[PDB]
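Just start_22.txt here, compact mmCIF, N, CA, C and O atoms and all ligand atoms:
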# COMPACT_ATOMS: atom_id res chain seq x y z
N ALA A 71 -2.00 -21.11 -72.05
CA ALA A 71 -2.84 -21.44 -70.87
C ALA A 71 -2.07 -21.21 -69.57
O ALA A 71 -0.88 -20.90 -69.59
N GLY A 72 -2.76 -21.38 -68.44
CA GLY A 72 -2.15 -21.30 -67.12
C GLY A 72 -2.85 -20.32 -66.19
O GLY A 72 -2.79 -19.10 -66.41
N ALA A 73 -3.51 -20.86 -65.16
CA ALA A 73 -4.10 -20.04 -64.10
C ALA A 73 -3.01 -19.33 -63.33
O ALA A 73 -1.86 -19.78 -63.30
N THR A 74 -3.37 -18.22 -62.70
CA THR A 74 -2.44 -17.42 -61.92
C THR A 74 -2.72 -17.55 -60.42
O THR A 74 -3.87 -17.63 -59.99
N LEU A 75 -1.66 -17.56 -59.63
CA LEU A 75 -1.75 -17.53 -58.17
C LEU A 75 -2.35 -16.19 -57.72
O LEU A 75 -1.93 -15.12 -58.18
N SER A 76 -3.34 -16.23 -56.83
CA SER A 76 -3.97 -15.00 -56.32
C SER A 76 -3.01 -14.24 -55.42
O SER A 76 -2.16 -14.86 -54.77
N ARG A 77 -3.15 -12.92 -55.37
CA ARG A 77 -2.22 -12.06 -54.63
C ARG A 77 -2.67 -11.72 -53.21
O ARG A 77 -1.85 -11.25 -52.40
N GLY A 78 -3.95 -11.93 -52.90
CA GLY A 78 -4.50 -11.57 -51.60
C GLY A 78 -4.08 -12.53 -50.51
O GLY A 78 -4.21 -13.74 -50.67
N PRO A 79 -3.55 -12.01 -49.38
CA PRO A 79 -3.26 -12.87 -48.23
C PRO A 79 -4.49 -13.58 -47.68
O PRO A 79 -5.58 -13.01 -47.70
N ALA A 80 -4.31 -14.82 -47.23
CA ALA A 80 -5.38 -15.57 -46.57
C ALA A 80 -5.90 -14.82 -45.32
O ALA A 80 -7.11 -14.80 -45.07
N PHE A 81 -4.99 -14.19 -44.59
CA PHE A 81 -5.32 -13.43 -43.38
C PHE A 81 -4.53 -12.11 -43.39
O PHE A 81 -3.46 -12.02 -42.78
N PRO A 82 -5.04 -11.08 -44.10
CA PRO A 82 -4.35 -9.79 -44.20
C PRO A 82 -4.00 -9.14 -42.85
O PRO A 82 -2.94 -8.50 -42.73
N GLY A 83 -4.87 -9.30 -41.85
CA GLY A 83 -4.63 -8.78 -40.51
C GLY A 83 -3.35 -9.30 -39.86
O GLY A 83 -2.67 -8.57 -39.13
N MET A 84 -3.02 -10.56 -40.14
CA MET A 84 -1.79 -11.16 -39.63
C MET A 84 -0.56 -10.87 -40.52
O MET A 84 0.49 -11.48 -40.34
N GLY A 85 -0.70 -9.93 -41.45
CA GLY A 85 0.42 -9.48 -42.27
C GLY A 85 1.50 -8.74 -41.50
O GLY A 85 2.64 -8.64 -41.97
N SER A 86 1.14 -8.21 -40.33
CA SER A 86 2.10 -7.56 -39.44
C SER A 86 2.83 -8.60 -38.59
O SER A 86 2.19 -9.34 -37.84
N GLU A 87 4.16 -8.64 -38.72
CA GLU A 87 4.99 -9.51 -37.89
C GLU A 87 4.77 -9.27 -36.40
O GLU A 87 4.72 -10.22 -35.62
N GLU A 88 4.64 -8.00 -36.03
CA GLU A 88 4.37 -7.60 -34.65
C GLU A 88 3.12 -8.31 -34.11
O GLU A 88 3.13 -8.84 -33.00
N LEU A 89 2.05 -8.30 -34.90
CA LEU A 89 0.81 -8.96 -34.52
C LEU A 89 0.96 -10.49 -34.54
O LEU A 89 0.41 -11.18 -33.68
N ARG A 90 1.73 -11.01 -35.50
CA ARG A 90 2.03 -12.45 -35.52
C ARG A 90 2.74 -12.88 -34.24
O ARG A 90 2.42 -13.92 -33.67
N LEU A 91 3.70 -12.08 -33.78
CA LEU A 91 4.40 -12.35 -32.51
C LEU A 91 3.46 -12.39 -31.30
O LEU A 91 3.66 -13.20 -30.38
N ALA A 92 2.45 -11.52 -31.28
CA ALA A 92 1.49 -11.46 -30.18
C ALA A 92 0.73 -12.79 -30.02
O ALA A 92 0.43 -13.21 -28.91
N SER A 93 0.43 -13.44 -31.14
CA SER A 93 -0.32 -14.71 -31.12
C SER A 93 0.44 -15.84 -30.40
O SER A 93 -0.18 -16.80 -29.94
N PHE A 94 1.76 -15.70 -30.29
CA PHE A 94 2.59 -16.68 -29.59
C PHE A 94 2.73 -16.40 -28.10
O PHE A 94 3.67 -16.89 -27.46
N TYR A 95 1.80 -15.62 -27.54
CA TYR A 95 1.81 -15.34 -26.10
C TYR A 95 1.63 -16.61 -25.26
O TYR A 95 2.11 -16.70 -24.13
N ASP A 96 0.94 -17.60 -25.83
CA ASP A 96 0.73 -18.89 -25.19
C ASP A 96 1.42 -20.05 -25.95
O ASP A 96 0.98 -21.20 -25.87
N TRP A 97 2.50 -19.73 -26.67
CA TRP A 97 3.29 -20.75 -27.36
C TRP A 97 3.95 -21.66 -26.31
O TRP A 97 4.71 -21.18 -25.46
N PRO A 98 3.67 -22.99 -26.37
CA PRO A 98 3.91 -23.90 -25.24
C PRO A 98 5.35 -24.00 -24.72
O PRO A 98 6.31 -23.73 -25.45
N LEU A 99 5.48 -24.41 -23.46
CA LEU A 99 6.78 -24.62 -22.82
C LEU A 99 7.50 -25.82 -23.44
O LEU A 99 8.72 -25.79 -23.61
N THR A 100 6.74 -26.86 -23.76
CA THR A 100 7.28 -28.06 -24.41
C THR A 100 7.54 -27.85 -25.91
O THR A 100 8.09 -28.73 -26.57
N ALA A 101 7.14 -26.69 -26.44
CA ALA A 101 7.55 -26.27 -27.79
C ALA A 101 9.06 -26.01 -27.79
O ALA A 101 9.63 -25.61 -26.77
N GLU A 102 9.69 -26.23 -28.94
CA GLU A 102 11.15 -26.21 -29.04
C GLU A 102 11.70 -25.19 -30.05
O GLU A 102 12.92 -25.04 -30.16
N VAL A 103 10.82 -24.48 -30.75
CA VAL A 103 11.23 -23.47 -31.74
C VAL A 103 10.79 -22.07 -31.29
O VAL A 103 9.66 -21.90 -30.83
N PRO A 104 11.67 -21.06 -31.43
CA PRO A 104 11.34 -19.73 -30.90
C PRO A 104 10.29 -18.99 -31.74
O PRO A 104 10.40 -18.96 -32.97
N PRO A 105 9.27 -18.41 -31.08
CA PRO A 105 8.23 -17.63 -31.76
C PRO A 105 8.74 -16.57 -32.74
O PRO A 105 8.10 -16.33 -33.76
N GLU A 106 9.87 -15.94 -32.42
CA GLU A 106 10.40 -14.85 -33.23
C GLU A 106 10.75 -15.34 -34.63
O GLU A 106 10.43 -14.69 -35.63
N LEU A 107 11.42 -16.49 -34.70
CA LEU A 107 11.77 -17.11 -35.97
C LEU A 107 10.50 -17.48 -36.73
O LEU A 107 10.37 -17.19 -37.92
N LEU A 108 9.57 -18.12 -36.02
CA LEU A 108 8.28 -18.49 -36.61
C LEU A 108 7.52 -17.27 -37.13
O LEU A 108 7.07 -17.27 -38.28
N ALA A 109 7.40 -16.24 -36.30
CA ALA A 109 6.70 -15.01 -36.68
C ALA A 109 7.41 -14.29 -37.83
O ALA A 109 6.77 -13.74 -38.72
N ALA A 110 8.74 -14.31 -37.80
CA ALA A 110 9.53 -13.73 -38.89
C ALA A 110 9.20 -14.39 -40.24
O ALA A 110 9.08 -13.71 -41.26
N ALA A 111 9.03 -15.71 -40.21
CA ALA A 111 8.81 -16.50 -41.43
C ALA A 111 7.33 -16.61 -41.84
O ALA A 111 6.96 -17.51 -42.61
N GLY A 112 6.51 -15.69 -41.35
CA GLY A 112 5.13 -15.53 -41.82
C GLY A 112 4.08 -16.27 -41.01
O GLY A 112 2.88 -16.07 -41.24
N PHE A 113 4.52 -17.09 -40.06
CA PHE A 113 3.61 -17.92 -39.27
C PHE A 113 3.05 -17.20 -38.05
O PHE A 113 3.75 -16.42 -37.39
N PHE A 114 1.78 -17.47 -37.77
CA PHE A 114 1.15 -17.05 -36.53
C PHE A 114 0.54 -18.27 -35.85
O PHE A 114 0.25 -19.28 -36.50
N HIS A 115 0.37 -18.18 -34.53
CA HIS A 115 -0.10 -19.29 -33.72
C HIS A 115 -1.62 -19.43 -33.76
O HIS A 115 -2.35 -18.44 -33.67
N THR A 116 -2.09 -20.67 -33.91
CA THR A 116 -3.51 -21.01 -33.82
C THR A 116 -3.66 -22.15 -32.81
O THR A 116 -2.75 -22.98 -32.67
N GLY A 117 -4.80 -22.20 -32.13
CA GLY A 117 -5.04 -23.22 -31.11
C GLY A 117 -4.24 -22.98 -29.85
O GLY A 117 -3.70 -21.89 -29.64
N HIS A 118 -4.16 -24.00 -29.00
CA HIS A 118 -3.41 -23.93 -27.75
C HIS A 118 -2.22 -24.89 -27.68
O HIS A 118 -1.49 -24.89 -26.69
N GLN A 119 -2.01 -25.68 -28.74
CA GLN A 119 -0.84 -26.56 -28.85
C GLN A 119 0.23 -25.86 -29.70
O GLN A 119 0.50 -24.68 -29.47
N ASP A 120 0.83 -26.54 -30.68
CA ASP A 120 1.93 -25.95 -31.45
C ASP A 120 1.62 -25.79 -32.95
O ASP A 120 2.53 -25.84 -33.78
N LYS A 121 0.35 -25.57 -33.27
CA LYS A 121 -0.07 -25.40 -34.66
C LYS A 121 0.13 -23.95 -35.09
O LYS A 121 -0.19 -23.03 -34.34
N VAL A 122 0.66 -23.77 -36.30
CA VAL A 122 0.84 -22.45 -36.89
C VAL A 122 0.30 -22.44 -38.31
O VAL A 122 0.22 -23.50 -38.96
N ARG A 123 -0.10 -21.26 -38.79
CA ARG A 123 -0.47 -21.08 -40.19
C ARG A 123 0.22 -19.84 -40.76
O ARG A 123 0.45 -18.87 -40.04
N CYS A 124 0.58 -19.88 -42.04
CA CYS A 124 1.14 -18.69 -42.68
C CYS A 124 0.01 -17.71 -42.98
O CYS A 124 -1.03 -18.11 -43.49
N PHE A 125 0.24 -16.43 -42.68
CA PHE A 125 -0.78 -15.39 -42.90
C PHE A 125 -1.17 -15.24 -44.37
O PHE A 125 -2.27 -14.78 -44.68
N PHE A 126 -0.27 -15.63 -45.28
CA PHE A 126 -0.48 -15.43 -46.71
C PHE A 126 -1.00 -16.67 -47.45
O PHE A 126 -2.06 -16.61 -48.07
N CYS A 127 -0.24 -17.76 -47.41
CA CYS A 127 -0.65 -19.01 -48.08
C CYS A 127 -1.48 -19.93 -47.17
O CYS A 127 -1.99 -20.96 -47.62
N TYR A 128 -1.61 -19.56 -45.89
CA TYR A 128 -2.35 -20.37 -44.90
C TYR A 128 -1.82 -21.80 -44.76
O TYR A 128 -2.55 -22.71 -44.35
N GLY A 129 -0.55 -22.01 -45.08
CA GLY A 129 0.08 -23.31 -44.89
C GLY A 129 0.08 -23.63 -43.41
O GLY A 129 0.49 -22.81 -42.60
N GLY A 130 -0.41 -24.82 -43.06
CA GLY A 130 -0.50 -25.24 -41.67
C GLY A 130 0.60 -26.22 -41.29
O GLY A 130 0.76 -27.26 -41.94
N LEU A 131 1.34 -25.90 -40.22
CA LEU A 131 2.40 -26.76 -39.71
C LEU A 131 2.32 -26.94 -38.19
O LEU A 131 1.91 -26.04 -37.46
N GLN A 132 2.75 -28.12 -37.73
CA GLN A 132 2.77 -28.46 -36.31
C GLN A 132 3.89 -29.48 -36.03
O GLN A 132 4.68 -29.79 -36.92
N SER A 133 3.93 -30.00 -34.80
CA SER A 133 4.97 -30.95 -34.37
C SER A 133 6.39 -30.40 -34.54
O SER A 133 7.29 -31.09 -35.02
N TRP A 134 6.57 -29.15 -34.12
CA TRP A 134 7.86 -28.46 -34.21
C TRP A 134 8.87 -29.01 -33.20
O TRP A 134 8.51 -29.37 -32.08
N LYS A 135 10.14 -29.07 -33.62
CA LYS A 135 11.23 -29.61 -32.79
C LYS A 135 12.47 -28.72 -32.87
O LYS A 135 12.60 -27.88 -33.76
N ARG A 136 13.39 -28.94 -31.93
CA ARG A 136 14.67 -28.23 -31.88
C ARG A 136 15.48 -28.43 -33.16
O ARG A 136 15.86 -29.56 -33.48
N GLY A 137 15.74 -27.34 -33.87
CA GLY A 137 16.55 -27.38 -35.09
C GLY A 137 15.76 -27.12 -36.36
O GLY A 137 16.35 -26.82 -37.40
N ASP A 138 14.43 -27.23 -36.29
CA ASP A 138 13.58 -26.92 -37.43
C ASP A 138 13.72 -25.46 -37.81
O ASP A 138 13.56 -24.58 -36.96
N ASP A 139 14.04 -25.20 -39.08
CA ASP A 139 14.10 -23.83 -39.60
C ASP A 139 12.75 -23.48 -40.24
O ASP A 139 12.35 -24.11 -41.22
N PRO A 140 12.05 -22.47 -39.69
CA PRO A 140 10.73 -22.07 -40.21
C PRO A 140 10.73 -21.68 -41.68
O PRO A 140 9.80 -22.03 -42.41
N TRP A 141 11.76 -20.95 -42.10
CA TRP A 141 11.91 -20.61 -43.52
C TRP A 141 12.10 -21.85 -44.41
O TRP A 141 11.59 -21.90 -45.53
N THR A 142 12.83 -22.84 -43.91
CA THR A 142 13.07 -24.08 -44.66
C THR A 142 11.80 -24.91 -44.75
O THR A 142 11.47 -25.42 -45.82
N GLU A 143 11.07 -25.04 -43.63
CA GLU A 143 9.78 -25.76 -43.62
C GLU A 143 8.76 -25.08 -44.52
O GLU A 143 8.03 -25.74 -45.26
N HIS A 144 8.72 -23.76 -44.45
CA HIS A 144 7.87 -22.95 -45.33
C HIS A 144 8.12 -23.29 -46.80
O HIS A 144 7.18 -23.49 -47.57
N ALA A 145 9.40 -23.38 -47.19
CA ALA A 145 9.80 -23.64 -48.57
C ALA A 145 9.59 -25.10 -48.98
O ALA A 145 9.28 -25.39 -50.14
N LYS A 146 9.79 -26.00 -48.02
CA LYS A 146 9.54 -27.43 -48.19
C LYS A 146 8.08 -27.73 -48.54
O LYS A 146 7.80 -28.47 -49.49
N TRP A 147 7.16 -27.13 -47.79
CA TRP A 147 5.74 -27.48 -47.86
C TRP A 147 4.90 -26.56 -48.74
O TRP A 147 3.98 -27.02 -49.41
N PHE A 148 5.20 -25.26 -48.74
CA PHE A 148 4.38 -24.26 -49.43
C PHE A 148 5.23 -23.40 -50.39
O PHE A 148 5.28 -22.18 -50.24
N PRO A 149 5.86 -24.04 -51.39
CA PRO A 149 6.85 -23.37 -52.25
C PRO A 149 6.33 -22.19 -53.08
O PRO A 149 7.10 -21.28 -53.39
N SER A 150 5.05 -22.21 -53.44
CA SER A 150 4.47 -21.15 -54.27
C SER A 150 4.00 -19.91 -53.47
O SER A 150 3.55 -18.93 -54.06
N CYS A 151 4.13 -19.96 -52.15
CA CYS A 151 3.76 -18.82 -51.29
C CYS A 151 4.48 -17.55 -51.71
O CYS A 151 5.71 -17.52 -51.77
N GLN A 152 3.72 -16.49 -51.97
CA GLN A 152 4.29 -15.24 -52.48
C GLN A 152 5.05 -14.46 -51.41
O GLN A 152 6.05 -13.81 -51.71
N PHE A 153 4.57 -14.51 -50.16
CA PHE A 153 5.33 -13.97 -49.03
C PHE A 153 6.71 -14.62 -48.89
O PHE A 153 7.72 -13.93 -48.72
N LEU A 154 6.75 -15.95 -48.97
CA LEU A 154 7.99 -16.71 -48.87
C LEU A 154 8.97 -16.32 -49.97
O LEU A 154 10.16 -16.13 -49.71
N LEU A 155 8.46 -16.20 -51.19
CA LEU A 155 9.30 -15.94 -52.35
C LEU A 155 9.87 -14.52 -52.35
O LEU A 155 11.03 -14.32 -52.73
N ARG A 156 9.07 -13.54 -51.93
CA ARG A 156 9.54 -12.15 -51.81
C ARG A 156 10.53 -11.96 -50.66
O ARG A 156 11.41 -11.09 -50.73
N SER A 157 10.38 -12.76 -49.61
CA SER A 157 11.25 -12.67 -48.44
C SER A 157 12.60 -13.34 -48.67
O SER A 157 13.65 -12.72 -48.48
N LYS A 158 12.56 -14.61 -49.08
CA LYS A 158 13.77 -15.44 -49.18
C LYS A 158 14.34 -15.58 -50.60
O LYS A 158 15.54 -15.81 -50.76
N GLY A 159 13.49 -15.45 -51.62
CA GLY A 159 13.94 -15.45 -53.01
C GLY A 159 13.71 -16.76 -53.74
O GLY A 159 13.53 -17.81 -53.12
N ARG A 160 13.71 -16.69 -55.07
CA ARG A 160 13.47 -17.84 -55.94
C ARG A 160 14.51 -18.94 -55.72
O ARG A 160 14.16 -20.12 -55.61
N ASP A 161 15.78 -18.55 -55.66
CA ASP A 161 16.89 -19.50 -55.52
C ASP A 161 16.83 -20.29 -54.22
O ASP A 161 17.13 -21.49 -54.20
N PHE A 162 16.44 -19.63 -53.13
CA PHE A 162 16.30 -20.30 -51.84
C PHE A 162 15.23 -21.41 -51.87
O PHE A 162 15.46 -22.51 -51.37
N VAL A 163 14.08 -21.11 -52.46
CA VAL A 163 12.95 -22.05 -52.48
C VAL A 163 13.28 -23.25 -53.37
O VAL A 163 13.02 -24.39 -53.01
N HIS A 164 13.86 -22.96 -54.54
CA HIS A 164 14.30 -23.99 -55.49
C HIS A 164 15.27 -24.96 -54.80
O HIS A 164 15.19 -26.17 -55.00
N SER A 165 16.16 -24.41 -53.97
CA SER A 165 17.16 -25.19 -53.25
C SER A 165 16.55 -26.19 -52.27
O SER A 165 16.98 -27.34 -52.19
N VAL A 166 15.54 -25.74 -51.52
CA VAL A 166 14.85 -26.60 -50.55
C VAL A 166 14.04 -27.70 -51.24
O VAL A 166 14.00 -28.84 -50.76
N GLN A 167 13.41 -27.37 -52.37
CA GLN A 167 12.58 -28.32 -53.12
C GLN A 167 13.40 -29.43 -53.77
O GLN A 167 13.01 -30.60 -53.73
N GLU A 168 14.53 -29.08 -54.39
CA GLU A 168 15.39 -30.09 -55.03
C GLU A 168 15.85 -31.12 -54.00
O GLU A 168 15.59 -32.31 -54.16
N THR A 169 16.51 -30.65 -52.95
CA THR A 169 17.02 -31.52 -51.89
C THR A 169 15.95 -31.78 -50.83
O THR A 169 14.74 -31.66 -51.08
ZN ZN B 201 3.15 -18.90 -46.74

In structure tokens, write the structure found in this file.
Ligand SMILES: [Zn+2]
Amino acid sequence: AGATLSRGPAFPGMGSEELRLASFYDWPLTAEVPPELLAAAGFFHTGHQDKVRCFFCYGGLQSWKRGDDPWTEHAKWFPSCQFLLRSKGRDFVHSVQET
């Protein structure tokens, strides 16, 4: 037995990092994490505050602060994300989940 994780991105259009970066044109001044790191780690900006979603697993995160690693938060909250696993690797995700 065992269902399989689907391969289709939640938002295929936001699969381009370049386009993900564009969405952070209004990423707030009181925000504390750089758009480039966020966009690199699969996230694009939604709304007018500091909410982001991953283009693939659609994991939603907000309340970002100075020192938050987008790749680490990605692995903390959405470990089965296929974009995350292909980018950072099995060992990286396992490491964040254990600790
Ligand atoms: Zn994801």

If the limit is 12 Å from any atom of ligand ZN 201 (chain B), counting only C-alpha atoms and all ligand atoms, which residues qualify? Return them as a VMD selection string.
chain A and resid 77 to 81 84 to 85 108 to 114 122 to 131 140 to 158 163

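Atom C of residue 88 of chain A is found 19.8 Å from atom N of residue 102 of chain A.
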
Which of these, A:72, A:89, A:134, A:161, has the shortest distance to residue 104 of chain A once you count only C-alpha atoms?
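Result for the nearest residue to residue 104 of chain A: A:134.
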
Which parts of chain A does DSSP call alpha helix (DSSP H) when run on the backbone here, written out as an MDAnalysis selection string?
chainID A and resid 87:92 105:110 140:147 152:158 160:168

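One distance worth recording is that between atom C of residue 93 of chain A and atom CA of residue 137 of chain A, which is 20.4 Å.
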
Would you please extract all strand (DSSP E or B) residues from chain A, as assigned by DSSP on the backbone, and give them as a list in words?
residues 113, 114, 115, 116, 121, 122, 123, 124, 130 and 131 of chain A

One number please: atom C of residue 90 of chain A to atom O of residue 105 of chain A, in Å, one decimal.
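Interatomic distance here is 6.4 Å.
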
Measuring between all atoms listed in the file, which one of A:138, A:71, A:118, A:159 shows the shortest distance to residue 99 of chain A?
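Once distances to residue 99 of chain A are computed over all atoms listed in the file, the minimum belongs to A:118.
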
One residue among A:120, A:73, A:168, A:133 is nearest to residue 97 of chain A when using only C-alpha atoms, and that residue is A:120

Calculated over all atoms listed in the file, which of the candidates A:92, A:83, A:76, A:160 has the smallest distance to residue 115 of chain A?
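The closest residue to residue 115 of chain A is A:92.
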
Considering only N, CA, C and O atoms, can you say which of A:121, A:82, A:74, A:87 comes closest to residue 106 of chain A?
A:87
